[PDB]
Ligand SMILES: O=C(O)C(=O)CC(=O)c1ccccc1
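Next up is one chain by itself, shown in structure tokens, the form solved without this ligand.
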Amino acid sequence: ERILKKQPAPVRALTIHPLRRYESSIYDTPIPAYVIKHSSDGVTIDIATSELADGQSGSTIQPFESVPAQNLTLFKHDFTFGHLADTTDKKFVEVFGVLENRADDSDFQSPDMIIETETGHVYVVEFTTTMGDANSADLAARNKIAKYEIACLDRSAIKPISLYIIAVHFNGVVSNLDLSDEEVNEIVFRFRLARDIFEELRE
């Protein structure tokens, strides 16, 4: 019997912490070799994680990956963020139910994460990437906020919601989470490696 579920109600409202610019501080760090091979559905990838130093950016990377042909278009986004959450089609409706009598489009939106805690807060987290610079990243982040703000606002009447964004570019992250340098480095490092792999995969 979980006692945190027995607290007085929290304020039902949408919270958005301000976005911040972070920059990677990677420098000369080995980038693992990868071997791409044709497979039955798509490609197999073999990442030489042995080449990485202990305590260096990239320690979250797994040596082996299967990418089916239907998943190559999402590979960059999903690989980049694969240490924080696995791919999902978990919709708003699974967590809040339909909002007024009738189901609508915002019920079937699927942000990258929807976390609900015992205390009754809900956290919506969305990841994204850009091939441009930090300004591109800031803009990408604002577009994800615009994509999901309405659905979050209406449902915050049911449980309070905090909306978070992580937007990666080649040299940093725009995010309203409070990230360490290692955490920024890991995201960027995984993004840079995903870019290299993706250019050979589209080919």
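Note that residue numbering begins at 1 and tracks the sequence as displayed. Each form is matched to the other, and the largest set of C-alpha atoms that superpose within 1.5 Å is called the rigid core.
Quick one: say whether 152 to 160 or 47 to 55 has the higher mean Cα B-factor in the deposited entry.
The stretch with the larger mean CA B-factor is 47 to 55.
Highest mean C-alpha temperature factor of the two stretches 20 to 28 and 190 to 198, which is it?
Mean C-alpha B-factor is greater for 20 to 28.
Just to confirm, going by the entry's C-alpha B-factors, which of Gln70, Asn176, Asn143, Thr60 comes out highest?
Result of the comparison over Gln70, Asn176, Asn143, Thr60: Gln70.
Among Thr128, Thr80, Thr88, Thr117, where is the Cα B factor highest in this entry?
Largest recorded C-alpha B-factor: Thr88.
When the deposited Cα B-factors of this chain's modelled residues are ordered and cut into thirds, is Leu99 in the lowest, the middle or the highest one?
Highest third.
Split into thirds by Cα B-factor across the chain's modelled residues, where does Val122 land: lowest, middle or highest?
For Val122, whose C-alpha B-factor we compare with every modelled residue in the chain, the answer is the lowest third.
Sorting the chain's CA B-factors, does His169 end up in the lowest, middle or highest third?
Middle third, going by the recorded CA B-factors of the chain.
What follows is about the form solved in complex with this ligand, which we do not show.
Taking this ligand as it sits in the deposited bound form, is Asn71 near enough to touch it, meaning that at least one heavy atom pair lies within 4.5 angstroms?
Output for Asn71 is no: heavy atoms all beyond 4.5 Å of this ligand.
Counting only non-hydrogen atoms and a 4.5 angstroms cut-off, does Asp89 reach this ligand in the deposited bound form?
Yes, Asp89 lies within 4.5 Å of this ligand in the deposited bound form.
Is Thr128 close enough to this ligand in the deposited bound form to count, meaning some heavy atom within 4.5 Å?
Judged by the heavy-atom cut-off of 4.5 Å, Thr128 is in contact with this ligand in the deposited bound form.
I'd like to check something about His77: if you look in the deposited bound form, is any of its heavy atoms closer than or equal to 4.5 Å to a heavy atom of this ligand?
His77: contacts this ligand in the deposited bound form.
When the rigid core of both forms is overlaid, which of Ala53, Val35, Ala157, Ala69 is the one whose C-alpha moves 2 angstroms or more between this form and the one not shown?
Once the cores are aligned, the residue moving by 2 Å or more is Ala69.
Superposing on the rigid core, I want to see if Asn176 changes position between this form and the one not shown - specifically a Cα shift of 2 Å or more.
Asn176: C-alpha displaced by less than 2 Å between this form and the one not shown.
Would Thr44 count as moving between this form and the one not shown, using a Cα shift of 2 angstroms or more after superposing the core as the test?
It does shift by 2 Å or more.
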